[PDB]
């Protein structure tokens, strides 16, 4: 297993210099603390100079392991299940742009809130629309790999558990789509987290960690020990990525606390 840090970046349209500064600050922090990769989240990649990002990654020897897309929903209203087919098409087109960036870095593309909500419809219809959008994304991309992140009930009513996602993966039937499990969301939605991760098995492609309060791992009451025993049992050997509030004590202190907690769990496997 490898350790990665999610870094928050200002949106480049709403402040170009701030995006670049946030990115460099966070990557330098990740490197200093000892993380092996970073993870980012961008709303619209069209407005970022990714050649410059690649140079920074090369300078610091820090790959970008995953790219989040949720701001395309929260800020721009784009959803892969939107009842308006015009918006569904625009959401597919936006995510294609994320895959173009991801291909420069070998990064996973995260399907979180960009999948959209039920919006008063049946789960069945929402799921069918989503599967159609994912199949279109697979037809549109030759190399992109996607991970579906189950999210808690307050963020969405569509895909709340690992099982919800596994059912969808069986219908999509592509090894280019897997699961991103997140301990903060699982702490609410999963009955037995070790059992849920065993069911995921080889389909677990990426992993987000934060404590029960979404603070740095170690600063709540989530049982990471049982989780890491299960990750070893299933042979998980990809990224464990810290996605936590900058607490306690700010972004640097949280990243350091998280790293120390996770390193001790990993080294004792």
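Numbering follows the first chain given and starts at 1.
Comparing the deposited coordinates for 12-20 and 241-249, the stretch with the larger average C-alpha B-factor is 12-20.
The question of which stretch, 180-188 or 161-169, has the higher mean Cα B factor is settled in favour of 161-169. Based on the entry's C-alpha B-factors, the most elevated value among 36, 212, 46, 69 belongs to 46.
Ranking 206, 221, 232, 203 by the C-alpha B-factor listed in the PDB entry places 232 at the top. Among the modelled residues of its chain, residue 88 has a C-alpha B-factor that falls in the middle third, as given in the PDB entry.
Among the modelled residues of the chain, residue 82 sits in the middle third by CA temperature factor in this PDB entry. In the deposited entry, the Cα temperature factor of residue 198 sits in the top third of values across the chain's modelled residues.
Among the modelled residues of its chain, residue 65 has a C-alpha B-factor that falls in the lowest third, as given in the PDB entry. When the modelled residues of the chain are ordered by C-alpha B-factor, residue 99 sits in the lowest third.
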